[PDB]
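Consider the single chain below, provided in structure tokens and representing the form deposited in one PDB entry.
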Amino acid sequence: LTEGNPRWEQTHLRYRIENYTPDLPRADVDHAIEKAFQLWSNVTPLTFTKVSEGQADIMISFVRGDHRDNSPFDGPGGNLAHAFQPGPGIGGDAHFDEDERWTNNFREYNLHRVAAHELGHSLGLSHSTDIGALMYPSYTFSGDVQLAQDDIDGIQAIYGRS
């Protein structure tokens, strides 16, 4: 018996940012998130619509400590965020630890760089063993956040090419 990995059957997904971190003005947050989805849709037939309310496949929220799911946060440092694999309810949701200081620059914990990674999970990717890949578990930032060939091959193996 062989089991496949969690996938979205549709290629058009809806997302919603439930709340905003006080760390950045709302404009920066929206842009960091929108830009992260754009990285993935660029290499696949996947499209993402942002809904301001109502149903959404990918629910994005900034929380801290125990937030009713089964992977509570740990305060500053350590785990910065986590996202769930495709599926109903929690499936596809991305959670960011409010206890971290989220930024829009080189200062530790650039939101966009982390969002790009967790969104990889929301679409079905697991971690990579390549320190150069976006799907690597460790926080790394060089100013620019682009997909490594490993992330590209990974996502395309599931959804196909653009």
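Note that residue numbering follows the sequence shown and begins at 1.
**Student:** Taking only the CA atoms, which stretch has the higher mean B-factor in the record, 3-11 or 153-161?
**Tutor:** Of 153-161 and 3-11, the stretch with the higher C-alpha B-factor average is 3-11.
**Student:** Quick check on the record: does 35-43 or 109-117 carry the larger mean Cα temperature factor?
**Tutor:** Per the PDB entry, the higher value belongs to 35-43.
**Student:** According to the deposited entry, which of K50, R26, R64, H95 has the largest Cα B-factor?
**Tutor:** Checking the PDB record, the top C-alpha B-factor among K50, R26, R64, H95 is at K50.
**Student:** Looking at the temperature factor on the CA atom of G91, which third of the chain's modelled residues does it land in?
**Tutor:** Answer is lowest: the recorded C-alpha B-factor places it there.
**Student:** Looking at the entry's B-factor column for C-alpha atoms only, identify whether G132 ranks in the lowest, middle or highest third of its chain.
**Tutor:** Ranked within chain, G132 CA B lands in the highest tercile.
**Student:** How does the C-alpha B factor of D99 compare with the rest of the chain: lowest, middle or highest third?
**Tutor:** Its C-alpha B-factor belongs to the highest third of this chain's values.
**Student:** Taking the chain's C-alpha temperature factors as the reference, tell me which third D30 falls into: lowest, middle or highest.
**Tutor:** Tercile = middle for this residue's CA B-factor.
The next section is about a form of this same protein that is not shown, the form solved in complex with a small molecule.
**Student:** I'd like to check something about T11: if you look in the entry with it bound, is any of its heavy atoms closer than or equal to 4.5 Å to a heavy atom of the small molecule?
**Tutor:** Heavy-atom contact with the small molecule at 4.5 Å: absent for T11.
**Student:** In the entry with it bound, does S138 come within 4.5 Å of the small molecule, counting heavy atoms only?
**Tutor:** It does: once the small molecule is placed as it appears in the entry with it bound, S138 has a heavy atom within 4.5 Å of it.
**Student:** Taking the small molecule as it sits in the entry with it bound, is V114 in contact with it (heavy atom to heavy atom, 4.5 Å or less)?
**Tutor:** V114 belongs to the contact set for the small molecule.
**Student:** Flag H31 as yes or no: does it have a non-hydrogen atom within 4.5 angstroms of any non-hydrogen atom of the small molecule in the entry with it bound?
**Tutor:** The answer is no: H31 has no heavy atom within 4.5 Å of the small molecule.
**Student:** Among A36, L123, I58, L134, which has any heavy atom within 4.5 Å of the small molecule in the entry with it bound?
**Tutor:** Spelling it out, the residue with a heavy atom inside the cut-off is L134.
**Student:** Name the single residue among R64, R101, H127, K50 that comes within 4.5 Å of the small molecule in the entry with it bound, judging by heavy atoms.
**Tutor:** Contact check passes for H127.
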